[PDB]
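Student:
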Amino acid sequence: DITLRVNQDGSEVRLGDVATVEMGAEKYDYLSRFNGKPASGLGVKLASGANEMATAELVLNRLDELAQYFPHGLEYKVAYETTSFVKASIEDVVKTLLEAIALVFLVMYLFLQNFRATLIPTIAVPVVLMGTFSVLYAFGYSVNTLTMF
Amino acid sequence: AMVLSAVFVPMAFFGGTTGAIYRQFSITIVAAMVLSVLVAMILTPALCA
Amino acid sequence: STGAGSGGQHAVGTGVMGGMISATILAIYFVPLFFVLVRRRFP
Amino acid sequence: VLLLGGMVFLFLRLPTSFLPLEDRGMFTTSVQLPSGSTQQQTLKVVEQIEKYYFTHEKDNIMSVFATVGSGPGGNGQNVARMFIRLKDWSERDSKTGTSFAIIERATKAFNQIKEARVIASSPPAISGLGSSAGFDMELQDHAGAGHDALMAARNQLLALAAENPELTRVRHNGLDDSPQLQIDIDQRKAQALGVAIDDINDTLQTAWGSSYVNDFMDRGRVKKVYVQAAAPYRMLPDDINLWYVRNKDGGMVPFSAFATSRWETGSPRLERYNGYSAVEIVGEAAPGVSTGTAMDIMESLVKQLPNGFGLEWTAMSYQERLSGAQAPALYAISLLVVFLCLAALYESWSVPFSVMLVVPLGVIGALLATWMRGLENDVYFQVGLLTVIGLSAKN
Amino acid sequence: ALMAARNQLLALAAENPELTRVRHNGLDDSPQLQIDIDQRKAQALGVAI
Amino acid sequence: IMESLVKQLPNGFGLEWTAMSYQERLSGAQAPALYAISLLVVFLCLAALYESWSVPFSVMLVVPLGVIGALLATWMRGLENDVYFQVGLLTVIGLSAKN
Amino acid sequence: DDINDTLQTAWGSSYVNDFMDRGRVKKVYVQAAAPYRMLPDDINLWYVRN
Amino acid sequence: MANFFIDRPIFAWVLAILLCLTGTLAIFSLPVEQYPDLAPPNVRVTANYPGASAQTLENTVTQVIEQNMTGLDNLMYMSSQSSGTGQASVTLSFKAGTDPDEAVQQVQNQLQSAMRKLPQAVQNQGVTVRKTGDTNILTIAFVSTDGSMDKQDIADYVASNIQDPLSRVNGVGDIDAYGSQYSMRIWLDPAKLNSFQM
Amino acid sequence: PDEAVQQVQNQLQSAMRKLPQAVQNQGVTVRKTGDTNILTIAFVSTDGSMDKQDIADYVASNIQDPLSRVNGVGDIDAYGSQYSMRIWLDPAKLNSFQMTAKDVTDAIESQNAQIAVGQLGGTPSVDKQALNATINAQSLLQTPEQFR
Amino acid sequence: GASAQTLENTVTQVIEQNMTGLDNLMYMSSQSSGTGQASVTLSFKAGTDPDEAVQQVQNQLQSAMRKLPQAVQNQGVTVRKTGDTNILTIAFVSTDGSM
């Protein structure tokens, strides 16, 4: 109904008379598709200084909360995730650490064969681990794949 | 402790992304070594006694 | 280790295993030899 | 002595890498149709690729998220990027369903598609890190000879690199030149007819190209307003003549009266490095050839090119150029410090030599193990080697 | 609804003898004037918007 | 009282303290932690100094004897549990441990 | 506005637009010729359009 | 020093307790991630000229930005590309150890000088200076199972109702969208315009 | 120095619009530099082939920009300016043809510009489109003869 | 020209979006006015460097400039550290009344 001009006869020339007006997309270049069906993506990027696992969990929980108000038909699908890999890495590292402590206990009782002497290193390694974690936090480091290795 | 530090410290001073990758390991291992040596001379003798 | 991150875990495990085996086998013999030689010469 | 020699041999035989590749749970497939291709053909190729993924590698794939209109080498209607997500490591077999096996099969399958260069790859752990064999060079144009001269020099340099056996898989990361349409607006004729050149330019810009005229509010949010020609009226070179421009008197002047169109060639993407017109010529050093040797060969080849065309290394190649054999110097200083500390500890100048000679004892086993298992000289191996050195030294 | 809740809370606070000088820091709603311009009549008369 | 009043409003309206109110709520929340950590540090230091777990335990039993007097004096004078009282209870803990 | 325009373009230089010179976007300037902007009476040489 | 603590086990126990407590606090405090920030700080300047050509974009945007990116600190090299799509990217790779915030601040400050020199359309589209070290945690795809919502409808709904609440999560730094929100589109018809002398 | 530059730039951004439009087009620069030149380089043509103006143009085109990005160089002022398409008006000729200087300026602005026409088949495109090729309008003039 | 509700929906909320989650951010306060001016106040944690906070806000502001309307971008967004510490309030008065 935008009036381009009004003729002297009372006739009007509107924007719809010389063009077709529709509500489309600003950029038609992208044609994102998911599993053969048209879809739109939403990539979330971590802010430095926060846990990526916890951030991903919170994002998924919030999107699940938002999923209650989705119009019929619309569903959110995760097409790319890094939480599983980093969780598996942390689990493997902590498993190796605990298994190494257990094997230290086993070998100590195999050679020295004293339960208390066996306890002596079993209690000395964890305090060094705590000190190392404290130093890493002081230096501004964080639990990475490299630091855990 | 000193020779182990000399083993691990120099990799920290490498330049670039590989330098930072090496620096992570260097700092972690050096901190752990220093803490263990301090614990070895303080906590462990008390436990053994 | 088979699964996620198996690459770096395999790398560190293989390297450490080979190095530690070779060291604990060879040094326990060679280090006395080196010490005896250097103390014999007194350089 | 024989053990030391074997250590040297095994170190020479060990390939060098920066970070091992792990089954991260997903990989990425990229599609690049030949230049001057619409997004419908790209969509057809993407449909073919996703049909292949859903058909053959069905037991391992979980979801493929394609994206037509963008991807490697710059966004365009002939470039598509696909994210393929795989099931949990346990569900897929660890022998024939590993990510590496999947991409190995796919690359064989994808190389049979003549329509477009579709290549599957596994994302790197860090984008900055690159393969040790590969290198990045920026063939610049210091003399300002022009784009055509730069492209001719790039073609000649690529031919020379392909000739050399010390350089493998050398190619440009840019886009090859494509046909373009050149509109010739006869200024004298347009002004004789009474049309204004500014009106002609505005009509062309807001008719064929878009025009972010203003903003409007939709459901409490501001959205852009664009004015552009309808799709059927901006398709062919003959669609130009359909437009009419108004002269001073108010009459409409056809666009064919003062305009003519001809076909020429132009680069879809123009690249500059350090302010100079440049083309990124990426190549990989041949196996058994030092990366520095490959860079020197490339520099000699650039010297063989006509004058005015320099070269500059970028990213990993530039970093390697800056960090020249720092590790040997750092570890020589470390060895000297170790010797001094051991001499102080033992109160002798000869006893510390006994400890220092045990360093090669522990490294040969690690080298032999990492060679037999087929691994490479990655940073993790460096750290493990240092740790075994330290433990042997302590003993 | 927020304004009504604010007014109710302020009335309750005024009732209570253990609170004094409880106030809303912001500004309450005020009348506004809207000028409606008929672009059609403006064009018909010949005056540019 | 303000929090009690805000619960009489129609459901769906909440409240949040800002500026000095937020700082005061932070103080109130962190008080018990400060006392616990300070008591633990004092106990550990005394155990390290006298090489016993009984001397610090016997000493630490006197902290209530001073804290009760500080609380009684503050209550009688009419003062409140402000940041000053907190840095004051810490001083009273120290003085009682000193005796 | 016209007399000001013809006075800050003739006497003072005028950054009209840019042009391409061997691969660089150099500026274009419009100004009076040197002999016609030397004496104080050179203003009388200029003409404006009513 | 060992003989000092042999006679004083309680002192060693106290030191061990302090170390363990500090380590526990650190563990609760320190972040966890896959890899740390291991890359030279790279800053990208993106400008959009709708409907432009590669030559036009390089002439009017890319070179103008390059000529004003001077005085930067620890700048290893500058790489730029002008595409026929209408997007011009200038990448400024800084030396390792440079503060990313300082680098992006300097790049933004240098860009402000050349903002007016850019064409009006480029200014209206907006020129953003952002780091290239973005690490995407998730790539969530929204698909209409019923098929009632078209791709444009899905993209608009996401940009309207989903991009806002998710961007307020504490760990979120940025949320890239792979869809274009609804925009009022006007499709001119040359025959109609010529008919009405417009 | 970085803090001072940040503060000044934050303060300056308020008044950039208040300045005259010509000043904005020229552009305001904030540099953390002094006034003394650490080194002053003189470029001289030994053969005499390059005129003083040619030397200045070459320096400002190929040397000033690369040196300005050298780390540590806060600013590098040039004692010579690059080439420019100088147009010397003649008032007598302008009056002869009844044209003002504004006519010349408008003609140059209109006939020397980079137009963004678009593409042959941009998105959204009609079904079954053969190709998507860029369209080039009139480009910036290069030789002085074109300006004549 | 924006109404208070329109300004809040299209400017203040957008500015809040990206700047949410900054380092050491206690809370955000936004003030959208009917005259068309929108204000967003970020109260960082005590002891944070004000200059670092301003730089962080400016860096994060560039990530939402596009989402802002064109008119808002043209007007420009100002990031200034702001307090309320009125050290002095000098009143200038003329005794004679001539001024």
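Protein sequence lines correspond, in order, to chains A, B, C, D, E, F, G, H, I and J. Under the numbering used here, the first residue of the first sequence carries the number -5, and numbering increases by one thereafter. Under the numbering used here, the first residue of the second sequence carries the number 1336, and numbering increases by one thereafter. Under the numbering used here, the first residue of the third sequence carries the number 6, and numbering increases by one thereafter. Under the numbering used here, the first residue of the fourth sequence carries the number -13, and numbering increases by one thereafter. Under the numbering used here, the first residue of the fifth sequence carries the number 84, and numbering increases by one thereafter. Under the numbering used here, the first residue of the sixth sequence carries the number 47, and numbering increases by one thereafter. Under the numbering used here, the first residue of the seventh sequence carries the number 6, and numbering increases by one thereafter. Under the numbering used here, the first residue of the eighth sequence carries the number 24, and numbering increases by one thereafter. Under the numbering used here, the first residue of the ninth sequence carries the number 2, and numbering increases by one thereafter. Under the numbering used here, the first residue of the tenth sequence carries the number 17, and numbering increases by one thereafter. C-beta: ideal position from N, C-alpha, C; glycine also.
#1: Closer than 8 angstroms by C-beta to residue 147 of chain D: which residues in its own chain qualify, once you throw out the five before and the five after it? Chain order, please.
#2: Could you name the residues that DSSP lists as bridge partners for residue 122 of chain D?
#3: Is it right to say residue 63 of chain H is buried, meaning 16 or more other beta carbons lie within 10 angstroms of its own, or is it exposed?
#4: Nearest chain J C-beta to residue 151 of chain H closer than 9 angstroms, yes or no?
#5: Using a 10 Å radius around the Cβ and a threshold of 16 neighbouring Cβ atoms, would you call residue 121 of chain F buried or exposed?
#6: Name, in chain order, the residues that DSSP records as bridge partners for residue 252 of chain D.
#7: Report the residue from H:179, H:38, H:125 whose alpha carbon sits nearest the alpha carbon of residue 70 of chain J.
#8: Determine the contact status of residue 34 of chain I and residue 23 of chain A, defining contact as a CB-CB distance below 9 angstroms.
#9: Should residue 203 of chain D and residue 130 of chain I be called a contact, given that it needs their Cβ atoms to be closer than 9 angstroms?
#10: Is residue 220 of chain H helix, strand or coil by DSSP?
#11: To test your reading of the DSSP string, which unbroken beta strand (DSSP E) runs of 3 or more residues are found completely within the stretch 7 to 38 of chain G?
#12: Cα separation between residue 13 of chain G and residue 45 of chain I?
#13: What are the boundary residues of the beta strand (DSSP E) that residue 18 of chain A is part of?
#14: Rounded to the nearest angstrom, what separates residue 13 of chain C and residue 112 of chain H at their Cα positions?
#15: If you measure from the beta carbon of residue 90 of chain F to each beta carbon in chain H, is any gap under 9 angstroms?
#16: Could you confirm whether any beta carbon from chain H is found closer than 9 angstroms to the beta carbon of residue 1384 of chain B?
#17: I want to verify the contact list: residues of chain A whose CB lies under 8 angstroms from the CB of residue 204 of chain H, in sequence order.
#18: Give the single residue among D:214, D:39, D:262 whose Cα lies nearest to the Cα of residue 126 of chain D.
#19: Compare the beta carbon distance of residue 121 of chain D and residue 1353 of chain B with 9 angstroms and say whether it is the shorter of the two.
#20: For residue 141 of chain I, which of H:151, H:209, H:80, H:53 has the nearest alpha-carbon?
#21: Determine contact between the stretch 18 to 37 of chain C and the stretch 369 to 381 of chain D, defined as no fewer than three beta-carbon pairs at a distance below 8 angstroms.
#22: Using the three-state DSSP reduction, which class does residue 246 of chain D fall into: helix, strand or coil?
#23: Would you please state the rounded distance, in angstroms, between the beta carbons of residue 19 of chain A and residue 137 of chain H? I believe it to be under 8 angstroms.
#24: If you compare alpha carbons, which of I:145, I:144, I:138 is closest to residue 173 of chain D?
#25: Could you tell me the alpha carbon to alpha carbon distance between residue 66 of chain I and residue 120 of chain A, rounded to whole angstroms?
#26: Of all the options D:208, D:49, D:169, D:223, which has the alpha carbon lying nearest to the alpha carbon of residue 29 of chain J?
#27: Count the other CB atoms, across all protein chains shown, that sit within 10 Å of the CB of residue 51 of chain J; report buried if there are 16 or more and exposed otherwise.
#28: Count the C-beta pairs between the stretch 59 to 67 of chain D and the stretch 14 to 26 of chain D that are closer than 8 angstroms, then say yes if the count reaches three, no if not.
#29: Could you work out which residues of chain A lie near residue 1343 of chain B, taking near to mean beta carbons separated by less than 8 angstroms?
#30: If you follow the beta strand (DSSP E) that residue 24 of chain C is part of, which residue opens it and which one closes it?
#31: Interface residues of chain D around residue 30 of chain A at Cβ under 7 angstroms?
#32: Strictly by DSSP, which residues pair up with residue 159 of chain H?
#33: Have a look at residue 97 of chain H and residue 118 of chain H and give me their C-alpha separation to the nearest angstrom.
#34: Inspect the beta-carbon positions of residue 213 of chain H and residue 195 of chain D and report whether they are closer than 9 angstroms.
#35: If you reduce the DSSP assignment to three classes, tell me which class residue 129 of chain F lands in.
#36: Looking only at its chain, what residues have a beta carbon closer than 7 angstroms to the beta carbon of residue 71 of chain A, apart from the 5 residues adjacent to it on each side?
Tutor: Inspection of the coordinates gives the following:
#1: Taking the first residue of the fourth sequence as 1, we reach residue 147 of chain D at position 161. For residue 147 of chain D, where only same-chain residues beyond five positions count, the Cβ hits under 8 angstroms are 153, 156, 267, 269, 284, 287.
#2: As a working mapping, residue 122 of chain D is identified with position 136 in the fourth sequence. Per DSSP, D:268.
#3: Start at 1 with the first residue of the eighth sequence, and residue 63 of chain H comes out as number 40. By the neighbour-count rule (16 or more Cβ atoms within 10 Å), residue 63 of chain H is buried.
#4: For the purposes of this step, residue 151 of chain H is identified with residue 128 of the eighth sequence, where counting begins at 1. Chain J contact via Cβ: present.
#5: Here residue 121 of chain F is taken as the residue at index 75 of the sixth sequence, counted from 1. Looking at its Cβ environment, which holds fewer than 16 other Cβ atoms inside 10 Å, residue 121 of chain F is exposed.
#6: The residue you call residue 252 of chain D lines up with position 266 of the fourth sequence. D:164, per the DSSP bridge assignment.
#7: On the tenth sequence, position 54 is the one that residue 70 of chain J refers to. Answer by Cα proximity: H:125.
#8: Reading the ninth sequence from its first residue, position 33 is the one you call residue 34 of chain I. Reading the first sequence from its first residue, position 29 is the one you call residue 23 of chain A. Going by C-beta atoms, residue 34 of chain I is not nearer than 9 angstroms to residue 23 of chain A.
#9: As a first step, residue 203 of chain D must be located in the fourth sequence, where it is residue number 217. As a first step, residue 130 of chain I must be located in the ninth sequence, where it is residue number 129. No, the Cβ-Cβ distance between residue 203 of chain D and residue 130 of chain I is not below 9 angstroms.
#10: On the eighth sequence, position 197 is the one that residue 220 of chain H refers to. Looking at residue 220 of chain H - three-state DSSP - the assignment turns out to be coil, as it is neither helix nor strand.
#11: 19 to 26, 29 to 37
#12: On the seventh sequence, position 8 is the one that residue 13 of chain G refers to. On the ninth sequence, position 44 is the one that residue 45 of chain I refers to. Spanning the two alpha carbons is a distance of roughly 35 angstroms.
#13: The count along the first sequence starts at 1 and reaches residue 18 of chain A at position 24. 13 to 19 is the span of the beta strand (DSSP E), which, as asked, contains residue 18 of chain A.
#14: To locate residue 13 of chain C, count along the third sequence from 1; it is residue 8. To locate residue 112 of chain H, count along the eighth sequence from 1; it is residue 89. Spanning the two alpha carbons is a distance of roughly 35 angstroms.
#15: One-based indexing of the sixth sequence puts residue 90 of chain F at position 44. Interface residue, yes.
#16: In the second sequence, residue 1384 of chain B corresponds to position 49, counting from 1. Yes, residue 1384 of chain B lies at the interface with chain H (some Cβ there is under 9 angstroms from its Cβ).
#17: By one-based count along the eighth sequence, residue 204 of chain H stands at place 181. Here the neighbours are 19, 20.
#18: By one-based count along the fourth sequence, residue 126 of chain D stands at place 140. Among D:214, D:39, D:262, the Cα nearest to that of residue 126 of chain D belongs to D:262.
#19: To locate residue 121 of chain D, count along the fourth sequence from 1; it is residue 135. To locate residue 1353 of chain B, count along the second sequence from 1; it is residue 18. Taking 9 angstroms as the Cβ cut-off, residue 121 of chain D and residue 1353 of chain B do not qualify as a contacting pair.
#20: Numbered from its first residue, the ninth sequence carries residue 141 of chain I at position 140. The residue with the shortest Cα to Cα distance from residue 141 of chain I is H:80.
#21: yes
#22: As a first step, residue 246 of chain D is located in the fourth sequence; it is residue number 260 there, counting from the start. Three-state DSSP puts residue 246 of chain D in a strand.
#23: Position 25 of the first sequence, counting from 1, holds the residue named residue 19 of chain A. Position 114 of the eighth sequence, counting from 1, holds the residue named residue 137 of chain H. That belief does not hold up - the Cβ atoms of residue 19 of chain A and residue 137 of chain H are roughly 30 angstroms apart, past 8 angstroms.
#24: Residue 173 of chain D sits at position 187 when you count from the first residue of the fourth sequence. When each option's Cα is compared against that of residue 173 of chain D, the closest is I:138.
#25: Within the ninth sequence, numbered from 1, the residue matching residue 66 of chain I stands at position 65. Within the first sequence, numbered from 1, the residue matching residue 120 of chain A stands at position 126. One C-alpha to the other measures close to 58 angstroms.
#26: Mapped onto the tenth sequence, residue 29 of chain J falls at position 13. Ranking D:208, D:49, D:169, D:223 by Cα distance to residue 29 of chain J puts D:208 first.
#27: In the tenth sequence, the residue the question calls residue 51 of chain J occupies position 35. Exposed is the call here.
#28: yes
#29: Locating residue 1343 of chain B in the second sequence gives position 8, counting from the first residue. Under the 8 angstroms cutoff, chain A gives no residues; its nearest Cβ is about 13 angstroms from residue 1343 of chain B.
#30: Your numbering for residue 24 of chain C matches position 19 in the third sequence. It is not in any beta strand (DSSP E) - residue 24 of chain C instead sits in the alpha helix (DSSP H) that spans 11 to 46.
#31: Position 36 of the first sequence, counted from the first residue, corresponds to residue 30 of chain A. Simply 36.
#32: The residue labelled residue 159 of chain H in the question sits at position 136 within the eighth sequence. A:39, per the DSSP bridge assignment.
#33: On the eighth sequence, position 74 is the one that residue 97 of chain H refers to. On the eighth sequence, position 95 is the one that residue 118 of chain H refers to. Approximately 5 angstroms, taken between the alpha carbons.
#34: The sequence position of residue 213 of chain H within the eighth sequence is 190, counting from 1. The sequence position of residue 195 of chain D within the fourth sequence is 209, counting from 1. Not closer than 9 angstroms, so no.
#35: Position 83 of the sixth sequence, counted from the first residue, corresponds to residue 129 of chain F. Looking at residue 129 of chain F - three-state DSSP - the assignment turns out to be helix.
#36: Here residue 71 of chain A is taken as the residue at index 77 of the first sequence, counted from 1. Answer for residue 71 of chain A: 28, listed in chain order.
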